Every structure is written in C-alpha cells, then in structure tokens.
Amino acid sequence: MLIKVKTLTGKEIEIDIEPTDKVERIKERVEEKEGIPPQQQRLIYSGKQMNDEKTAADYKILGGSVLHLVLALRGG
Amino acid sequence: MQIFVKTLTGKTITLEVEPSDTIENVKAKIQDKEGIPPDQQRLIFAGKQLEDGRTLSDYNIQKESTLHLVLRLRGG
Amino acid sequence: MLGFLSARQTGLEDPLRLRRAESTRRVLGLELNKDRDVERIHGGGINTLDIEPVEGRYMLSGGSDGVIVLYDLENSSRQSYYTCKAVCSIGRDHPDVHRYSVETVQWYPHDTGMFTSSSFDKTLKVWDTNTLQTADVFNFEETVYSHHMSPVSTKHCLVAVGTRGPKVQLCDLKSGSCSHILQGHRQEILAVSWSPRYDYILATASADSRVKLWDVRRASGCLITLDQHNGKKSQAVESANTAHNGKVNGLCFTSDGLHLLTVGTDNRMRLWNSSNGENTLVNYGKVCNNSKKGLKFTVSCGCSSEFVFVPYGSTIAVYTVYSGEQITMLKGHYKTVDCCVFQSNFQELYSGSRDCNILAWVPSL
Amino acid sequence: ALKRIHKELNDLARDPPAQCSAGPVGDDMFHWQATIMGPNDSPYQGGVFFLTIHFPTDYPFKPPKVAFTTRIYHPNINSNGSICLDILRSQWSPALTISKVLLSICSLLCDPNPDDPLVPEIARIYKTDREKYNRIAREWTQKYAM
C-alpha cells in the first residue's frame, strides 16, 4: 500500500509499505525519501501517536492513508 | 498568482490574489465568491488568525498554498 | 514483616495470618496511583463499576451518557506504568445502546460470558460479553435506579430491580416473567441488594427512610423492617421503623453476609444486623452524602478487619466496619464520587466519579 | 447522526487538514481522539497536544465536547483540559465540521483573550507580562508536548 506522510508544511511525501511492516520500517522509508533519521520522527496517524513496535496492520493503515509527521528535535 | 482556500461547506475555491493585497480585500473576495460577511470569516494559515489589517506577504504565503476558513469565535 | 515470613515458614502461625495481616497492611497504605491509569471513554460521569467476580480481570462501567465500557485491568505490557485499555464498548453507535444514563452494570453471577445493565430509559438489558448483543431486554413502566443479581444463587436467576415506583420488581433471566413483585414500600426504591449468604433474602432501600429484607420465596410481605432505635420508641408499622431520617440510597451486605451496611441522605452509616434488623450502634461518625440516586459502595474481603469504602462527597472514605474508626480519606477526584469497587485479589480500588475519570487506587510499596 | 460522522471521517481521511489529525479511538464512532500540533511561530512550536472529542447523539445540531488531554498552558483552557470556545457552547453551527473546530482551536492556541478568561490566574500574567508567558508556555510545552 501507499501511505503519504504529509508534514506540517503541507509537503506530501509518498511512501510504500507492505501491510505487515513494523512502523520502524515506515520511519526508515521516510528517512530515505525525506532525510530525517527515525529517531526524530513522531508519526501521528488519525490522532494516535504510533508506537515503534506495532505493526502497520494494527492501525488499519490502507492505501492512501495519510499520516502526519512532526519533528522531535531532541529525538534522543 | 492564485491561492487555494477551503470554504466551510466542504468545497474548495481558488482566489486570484497578489502578495501586496491586504486581508480585507481577501475577505471581500471570499464574500463575493460565496457571501459570508467580512466580519464572520476567520482565515487560518498554520493555525494563525489572518489579521484584517495586513497582507499575504506578511504571513509568508506563496503559490499553491492553502488558507482555511472557519466561523468567527472568541475566548472564554 | 520478616517476622510474619519466619512465623509462616516454621509453621508457628497459620498462613492465613500472614495473608490477612498483609492484606490489611496494603489496604491501610492505599493511595492513588500515577503508576496506573484507566482510559477516559465516558462523555459524562461514571455511575457504576463491577469487577468480574471470578478471576478479577475485566471491569465494566456505566457511563452517565449511556456507554458501557469494558476495561481490562491486567498489565499486558512490560513497563511498570501502564493503562487499562478498554477492550470493548457499547458505544452510542451501537444499535441497542442505552439511550440515557447507565447506573448499574453487573456481571451475570457464575458466568462471565454475560452481564446486565439498566438505565433511565426504563430498560434492563442482558448483554453477551462476547458478541456484545442484548440477549434479553425487560422494559419497565418507570426508571431503574439500581438492580442486583444474587451472587450466591445457583438455583434461581431472579433480578431485583428497584424502579422509582414503590414496588420492587423481580425479573427472571430464565424464562421471562417480571410478574413477581414485592409490595410494601411507599416511595421510590433507590438501592436493592441480594444477600450474599442466603439465596432468597433481598434487602431493599427506599427514599422514605426504610430498609426491608424480603424473603422472596415468601409472598406475604417482608421478614423485617429495620428500625433505628431497636424498638425503643415502639410504634406499630404504619409510619414507624425508619432506618434513616432522610432517603436511604445505599446497601451493601458485609462479605460474610452477616451485616447489612446502609448509608442514607441523613449523613450516617449504620451497620444493621442482617438476621433480625437490630442496629449495632457502630458510630461511623458523620458521613457526607447528598446524591439523589443509588450510591454504590463496597466492603473489603480477605483482610483482618473488614473495611468499607463509601463515596464521601468527592472523596472515598475508608472506615472499619466493626469499630467505626475512620482509617483515612482517599482524595484524588474533581467531582462527587458515584461508585467505588474493591479488587479483592490485589487490594486495589477503582472509583468512578462524575468527572469522567476512573481513578485506580493501589497500595504503596 | 452517524452518517454525518461517517462523511466527516471519510472526507478527513482523503483530504486531511494540515496540522490536525482525528480518528475514532475504537469501535464507537462517537468518541474520537484528535491531535493539534502546535502552530509554528508560537511558544507551542513542536508540540503535539491530544484532545478527546465526544459527539452527542444529535451531532450536526449540537456541539461536540472536545477537551484537551495534554495539560496545556492557556488562559482559555483550564488545568483539567476543558476549553470554553463560544463557537463550541453558544454559537455552534452545523456547517462547522470537526476538521474546522480542530483548526479553530489550533488558531486560538496563539490568540487567547484574557478578558473573560477561564483561568484568571494565567490571564493576569498574560495581560501584564507577555514575556514571561512565552517562557512558562514554552516549558509546559516542552514538559508535556514533546
């Protein structure tokens, strides 16, 4: 499926993932196409901060399901 | 150039504006586009009131941007 | 506490001694927990809670907006801190949701598969825990403040339902017949409760300051009519034998079933004997309540001295049942407390309030 | 009505607002959870404040009870996380949809009105000294939002 990870500025980064990828995979894919390493993301899908161990199928992420990306500058 | 605004009724309309243009004329354009009075609009960009006595160039607005239209509110 | 461990080890004291002493110590050190949370799901207040009797795992809650959440109190995570995630919920989108406030949700005794609820929509629905579908619904002619199922009866499955009419209703979850009624009260029936010990002894509290124990097998009135002064101010039973001075809106048999705690709007508790209705003169001091519906409260189990947890204004009060001393006053809420339920397994207390919160109190250390 | 909420959910999934995100928490569609990213050029920058929406049984013609879950520093929002917008209590309008109430709240995060405040203790600080306000709000954001 395609998830388009749109950030604050409105830029709509496209991403592709299999239905069972762990959200760390999603953050890593965002790293490749956008450049922010996975430590500094906080992906928010439909008002639930996604947790780094859940599988994407947990949240019922479908084709064209827009996430939100917010920078955590500290990010450990 | 032009700009996108998302009216209240779900529709979206495109406004032909210039950066020098003031927000009062922007609200007047919203009016004669669909007709909610200059007082009742409250344009939102990046979660900021678009002040009536200012221009788009003040708020760092460029082409293919988006402005959000809501109903006038107040504090409490 | 090492003394208790050694005493248990060398067989001096029975293991019962350490078990009960430690449970009492934990309940005495009860405090609110920020190391635990219960997810906020009710739009309005929480009117009722009932941890499941067997295994103490799930937990219902009757929101004042008609939503029946079904929590899960087991820390399925790995961290010390966790939140009791809501497994299921009878949301407003549900076809058979309660239209108005749900004020009693109780698990079907001896069977966690089902559970029951009742609301001001004048309905009592028998919910199936698995598919969340109404197995049976009984429609009353008037509201339903509180209902209760016998936690001991393996023979019958009647359900006392205290409507705001003067007549206690008995609904049968087996072949439906709400015909059986118990006449004798004079005003609304704000809180009923079956006897945990005897199968057929039902204690019903009303708003006319009378607490009556009914032998539902008997069809000629009530066994007893509780009287404050134990018959000192003797008067025939036409306008006398009032267990309180104002509305009496809460009943809770002690765990053993030997004593019937009653709390009423006159701001007093009274530990009545459950076999002859003789007030035992336990003081309890002045307990504050002003609610105008069923006030829920529970009594500890498996502790040396039986504690009672009564909603006291916006705070939970912890009294010792058989001495009346005030142990403490748990203080963490923002509005009046409507229901506190004791988790007997681990000595934990969950207290839903009117501020949409369900604060889980747990012992310290 | 559900169908109104269904249409809102679909048209929000398709074309989401920029710095907002709301979706049902579980099976019950009447109980959403939302999220207001702190607007840029504000003490709330980089923050993620979680709301908790509750739609009534007549949602088009009756406001939803939104209430902050992340303790926000604001004259118009009490420590309990409750808001006091006029649009949300008195001047509710069906045409206003959840994507709009959330955005209006986001805008009001930067445009409080200490006159008639829900928290006069903070309102006095805001009215008198705005320099300290932008630091106390910043520390609250850093200690709750991040």
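Since every read-out is calculated from the coordinates, none of them should be taken as a lab result. When we count neighbours, we look across all protein chains shown, and the Cβ atoms used for this are built from the backbone with ideal geometry, even at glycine.
Go through the range D:42-83 and give me each residue that's of a type in the set (A, V, I, L, M, F, W, C) and within 12 Å of chain C (Cβ to nearest Cβ).
Those that are of a type in the set (A, V, I, L, M, F, W, C) and within 12 Å of chain C (Cβ to nearest Cβ): D:50, D:51, D:53, D:55, D:66, D:67, D:68.
Checked against (1) touching a residue at least 60 places away in the same chain (Cβ under 8 Å); (2) more than 8 Å from every other protein chain (Cβ to nearest Cβ); (3) within 26 Å of residue D:74 (Cα to Cα), residue B:64 passes all but condition (3).
The number of residues in the range C:309-323 that are touching a residue at least 40 places away in the same chain (Cβ under 8 Å), touching a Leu at 6+ places or on another chain (Cβ under 8 Å) and surrounded by fewer than 24 Cβ atoms within 10 Å (Cβ to Cβ) comes to 3. Applying the condition of being without any contact (Cβ under 8 Å) to a residue 60 or more places away in the chain and crowded, with 17+ Cβ neighbours inside 10 Å to the range C:10-38 and asking which residue is nearest to residue C:343 (Cα to Cα) yields C:22.
Filter the range D:18-32 for residues that are touching a residue at least 24 places away in the same chain (Cβ under 8 Å) and crowded, with 21+ Cβ neighbours inside 10 Å and give the result.
In the first step, residues of the range D:18-32 are kept if they are touching a residue at least 24 places away in the same chain (Cβ under 8 Å); the result is D:19-20, D:22, D:29-32.
If the condition is that a residue be touching a residue at least 24 places away in the same chain (Cβ under 8 Å) and crowded, with 21+ Cβ neighbours inside 10 Å, then D:19, D:20, D:22, D:30, D:31, D:32 are the ones that fit.
Just one of the numbered conditions (1) surrounded by fewer than 16 Cβ atoms within 10 Å (Cβ to Cβ); (2) in contact with a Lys or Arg (Cβ under 9 Å, 6 or more places away or on another chain) is not true of residue C:140: (1). Among the residues of the range A:63-76, those identified as at the interface with chain D (Cβ under 9 Å from one of its Cβ atoms), surrounded by fewer than 14 Cβ atoms within 10 Å (Cβ to Cβ) and either of a type outside the set (D, E, K, R) or touching a strand residue (DSSP E or B) at 6+ places or on another chain (Cβ under 9 Å) (or both) are A:64, A:73. When we screen D:104, D:21, D:99 for residues that are among the polar types (S, T, N, Q), facing another protein chain (nearest Cβ under 8 Å), out of contact with any strand residue (DSSP E or B) (no Cβ under 6 Å at 6 or more places or on another chain) and not in a loop (DSSP other than H, G, I, E, B), the only hit is D:104. When the range D:109-131 is limited to residues that are aliphatic (A, V, I, L, M) and more than 7 Å from chain B (Cβ to nearest Cβ), the one that is surrounded by the most Cβ atoms within 10 Å (Cβ to Cβ) turns out to be D:122. Filter the range C:115-159 down to residues that are assigned to a loop (DSSP other than H, G, I, E, B) and among the hydrophobic types (A, V, I, L, M, F, W, C) and give me whichever is nearest to residue C:54 (Cα to Cα). Across the range C:115-159, the extreme among qualifying residues is C:152. In the range D:1-16, what residues are more than 7 Å from every other protein chain (Cβ to nearest Cβ) and touching a helix residue (DSSP H, G or I) at 6+ places or on another chain (Cβ under 9 Å)? Hits for the range D:1-16 are D:1, D:4, D:5, D:8, D:9, D:12, D:15.
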